[PDB]
Amino acid sequence: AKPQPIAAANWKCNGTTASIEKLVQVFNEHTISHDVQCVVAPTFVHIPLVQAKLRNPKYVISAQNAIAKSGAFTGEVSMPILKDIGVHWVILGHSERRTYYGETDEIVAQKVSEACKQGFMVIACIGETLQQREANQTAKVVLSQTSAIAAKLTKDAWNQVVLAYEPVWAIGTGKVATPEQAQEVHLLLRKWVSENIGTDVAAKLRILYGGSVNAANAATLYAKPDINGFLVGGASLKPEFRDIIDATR
């Protein structure tokens with residue numbers, strides 16, 4: 001059978017106090033009856049508000065990024081600071097950070113390793129660009145990104161890792177991957193983990209899909225055997241996130 005699914009909301013750089021209060025109320029009033037881990041990732045400045053208002057017991061709060069250590073890093077937020085305020089999930093290596101903010105495979109792998117050492121659950125993002133897909137490099141790219149992370153982890157650390165496969169061409173564009181496209185990559189990843197890390201790790205690993213997931217396409221993605229849930233951007237700012245959660249039944 002499949003491991004426990006995850007439905008994760010990446011709000012990105014969005015929100016006002018009023019809109020967040022309304023959306024959290026919607027999430028609180030949605031009764032979830034199956035075993036799923038829901039995750040909401042607000043901007044840093046909204047974490048305290050969401051902590052105060054979110055009561056649905058299926059949810060945890062995640063940060064959208066972090067650095068490993070406190071110190072002289074003006075503008076950044078560290079993992080120890082997040083832990084002290086009660087946040088123990090983080091998204092690392094999102095495409096937007098790899099693209100705009102210079103996060104290379106080695107930077108991502110270092111961050112993931114440090115988060116695991118500090119007791120975080122980590123959603124680590126990987127995925128290929130349109131050019132790489134059309135060059136038939138998808139497998140090489142996603143396995144390179146994954147092996148860079150794996151090189152800095154011990155086997156036990158994998159209990160804290162969730163992989164999110166987000167093809168860059170699907171992020172925010174409306175052009176979701178087909179279920180067959182996503183399943184092909186998820187199966188390739190799970191096999192790599194099984195051979196290189198362990199079959200026990202691979203059977204428990206959650207591999208999420210993201211990139212233009214909405215409430216109408218989520219259930220047909222989740223039907224595939226190696227898809228364990230979703231990392232959702234635009235649709236997670238809307239009430240229809242409730243139906244994305246319920247598509248993981």
# chains A, B, ... in the order shown; residues from 1 in each chain; ligands from 1

$ residues_around --residues "residue 207 in chain A" --least-positions-apart "2" --cutoff "7 Å" --atoms "only C-alpha atoms" --output "PyMOL selection string"
chain A and resi 162-164+186+205+209+227-228

$ closest_residue --among "A:189, A:115, A:142, A:45" --to "residue 79 in chain A" --atoms "only C-alpha atoms"
A:115

$ residues_around --residues "residue 21 in chain A" --least-positions-apart "3" --cutoff "8 Å" --atoms "only C-alpha atoms" --output "list in words"
residues 17, 18, 24, 25, 50 and 53 of chain A

$ select_by_dssp --residues "range 11-242 of chain A" --states "strand (DSSP E)" --output "ChimeraX atom specification"
/A:37-41,59-61,89-92,121-126,161-165,207-210,229-232

$ write_last_selection --atoms "N, CA, C and O atoms" --output "CSV table (one decimal), in the first residue's frame"
chain,number,residue,atom,x,y,z
A,37,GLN,N,-1.3,14.1,5.9
A,37,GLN,CA,-0.6,15.2,6.5
A,37,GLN,C,-0.8,16.4,5.7
A,37,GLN,O,-0.3,16.4,4.5
A,38,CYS,N,-1.5,17.4,6.2
A,38,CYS,CA,-1.6,18.7,5.5
A,38,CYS,C,-0.5,19.6,6.0
A,38,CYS,O,-0.2,19.6,7.2
A,39,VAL,N,0.0,20.4,5.1
A,39,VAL,CA,1.1,21.3,5.4
A,39,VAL,C,0.7,22.7,4.8
A,39,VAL,O,0.2,22.7,3.7
A,40,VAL,N,0.9,23.8,5.6
A,40,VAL,CA,0.7,25.1,5.0
A,40,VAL,C,2.0,25.8,5.2
A,40,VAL,O,2.6,25.8,6.3
A,41,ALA,N,2.5,26.5,4.2
A,41,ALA,CA,3.8,27.2,4.2
A,41,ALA,C,3.5,28.7,3.9
A,41,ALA,O,3.5,29.1,2.7
A,59,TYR,N,-3.0,19.5,10.2
A,59,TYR,CA,-2.1,20.5,9.6
A,59,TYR,C,-0.9,20.7,10.4
A,59,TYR,O,-1.0,20.7,11.7
A,60,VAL,N,0.2,20.9,9.8
A,60,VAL,CA,1.4,21.5,10.3
A,60,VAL,C,1.8,22.7,9.5
A,60,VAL,O,1.4,22.8,8.3
A,61,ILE,N,2.7,23.5,10.1
A,61,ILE,CA,3.2,24.7,9.4
A,61,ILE,C,4.6,24.5,8.9
A,61,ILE,O,5.4,23.9,9.7
A,89,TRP,N,9.0,22.0,9.9
A,89,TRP,CA,9.0,21.6,8.5
A,89,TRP,C,9.5,22.7,7.7
A,89,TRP,O,9.4,23.9,8.0
A,90,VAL,N,10.2,22.4,6.6
A,90,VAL,CA,10.8,23.4,5.7
A,90,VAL,C,10.7,22.8,4.2
A,90,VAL,O,11.0,21.7,4.0
A,91,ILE,N,10.5,23.7,3.3
A,91,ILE,CA,10.6,23.4,1.9
A,91,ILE,C,12.0,24.0,1.5
A,91,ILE,O,12.3,25.1,1.8
A,92,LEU,N,12.7,23.1,0.8
A,92,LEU,CA,14.1,23.5,0.3
A,92,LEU,C,14.3,23.2,-1.1
A,92,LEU,O,13.8,22.2,-1.6
A,121,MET,N,11.4,18.0,9.3
A,121,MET,CA,10.9,17.3,8.1
A,121,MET,C,11.1,18.2,6.9
A,121,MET,O,10.9,19.5,7.0
A,122,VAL,N,11.6,17.7,5.8
A,122,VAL,CA,12.0,18.5,4.7
A,122,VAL,C,11.3,18.1,3.5
A,122,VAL,O,11.2,16.9,3.1
A,123,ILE,N,10.7,19.0,2.7
A,123,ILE,CA,10.2,18.8,1.4
A,123,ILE,C,11.2,19.4,0.4
A,123,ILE,O,11.5,20.6,0.4
A,124,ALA,N,11.9,18.5,-0.2
A,124,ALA,CA,13.0,18.8,-1.1
A,124,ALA,C,12.5,18.8,-2.6
A,124,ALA,O,12.0,17.7,-3.0
A,125,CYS,N,12.7,19.9,-3.3
A,125,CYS,CA,12.1,20.0,-4.6
A,125,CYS,C,13.2,19.7,-5.7
A,125,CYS,O,14.3,20.2,-5.6
A,126,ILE,N,12.7,19.0,-6.7
A,126,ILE,CA,13.5,18.6,-7.9
A,126,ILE,C,12.7,18.8,-9.1
A,126,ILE,O,11.4,18.8,-9.0
A,161,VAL,N,12.7,13.0,5.0
A,161,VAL,CA,12.7,13.6,3.7
A,161,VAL,C,11.5,13.2,2.9
A,161,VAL,O,11.0,12.1,3.0
A,162,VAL,N,10.9,14.2,2.3
A,162,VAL,CA,9.8,14.1,1.3
A,162,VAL,C,10.4,14.7,0.0
A,162,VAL,O,10.9,15.8,0.1
A,163,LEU,N,10.2,14.0,-1.1
A,163,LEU,CA,10.7,14.6,-2.4
A,163,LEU,C,9.5,15.2,-3.1
A,163,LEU,O,8.4,14.6,-3.0
A,164,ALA,N,9.6,16.3,-3.7
A,164,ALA,CA,8.6,16.9,-4.5
A,164,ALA,C,9.1,17.1,-5.9
A,164,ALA,O,10.0,17.9,-6.2
A,165,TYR,N,8.5,16.4,-6.9
A,165,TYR,CA,8.8,16.5,-8.3
A,165,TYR,C,8.0,17.5,-8.9
A,165,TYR,O,6.7,17.4,-9.0
A,207,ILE,N,6.7,10.8,-2.4
A,207,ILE,CA,7.1,11.6,-3.5
A,207,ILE,C,5.9,12.3,-4.0
A,207,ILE,O,4.9,11.7,-4.4
A,208,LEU,N,5.9,13.6,-3.9
A,208,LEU,CA,4.8,14.5,-4.2
A,208,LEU,C,5.0,15.0,-5.6
A,208,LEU,O,6.1,15.2,-6.1
A,209,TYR,N,3.9,15.3,-6.3
A,209,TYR,CA,3.9,16.0,-7.6
A,209,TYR,C,3.5,17.4,-7.3
A,209,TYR,O,2.5,17.7,-6.6
A,210,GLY,N,4.1,18.4,-8.0
A,210,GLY,CA,3.6,19.7,-8.0
A,210,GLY,C,3.8,20.3,-9.4
A,210,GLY,O,4.6,20.0,-10.2
A,229,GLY,N,0.9,12.5,-3.1
A,229,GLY,CA,0.3,13.8,-2.8
A,229,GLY,C,0.9,14.9,-3.6
A,229,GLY,O,1.5,14.7,-4.7
A,230,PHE,N,0.7,16.1,-3.1
A,230,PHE,CA,0.9,17.3,-4.0
A,230,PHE,C,1.5,18.4,-3.2
A,230,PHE,O,1.3,18.6,-2.0
A,231,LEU,N,2.3,19.2,-3.9
A,231,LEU,CA,2.8,20.5,-3.5
A,231,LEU,C,2.1,21.5,-4.4
A,231,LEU,O,2.3,21.5,-5.6
A,232,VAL,N,1.3,22.4,-3.8
A,232,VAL,CA,0.3,23.2,-4.5
A,232,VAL,C,0.6,24.6,-4.3
A,232,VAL,O,0.7,25.1,-3.1

$ closest_residue --among "A:157, A:188, A:87, A:171" --to "residue 10 in chain A" --atoms "only C-alpha atoms"
A:171

$ atom_distance --atom1 "CA of residue 28 in chain A" --atom2 "CA of residue 206 in chain A"
24.6 Å

$ closest_residue --among "A:201, A:219, A:168, A:237" --to "residue 15 in chain A" --atoms "only C-alpha atoms"
A:237

$ atom_distance --atom1 "CA of residue 64 in chain A" --atom2 "CA of residue 138 in chain A"
25.0 Å

$ select_by_dssp --residues "range 202-242 of chain A" --states "helix (DSSP H, G or I)" --output "number ranges by chain"
A: 202-204, 218-222, 234-237, 241-242

$ closest_residue --among "A:233, A:198, A:225, A:119" --to "residue 174 in chain A" --atoms "only C-alpha atoms"
A:233

$ residues_around --residues "residue 172 in chain A" --least-positions-apart "2" --cutoff "7 Å" --atoms "only C-alpha atoms" --output "list in words"
residues 170, 174, 211, 212 and 234 of chain A
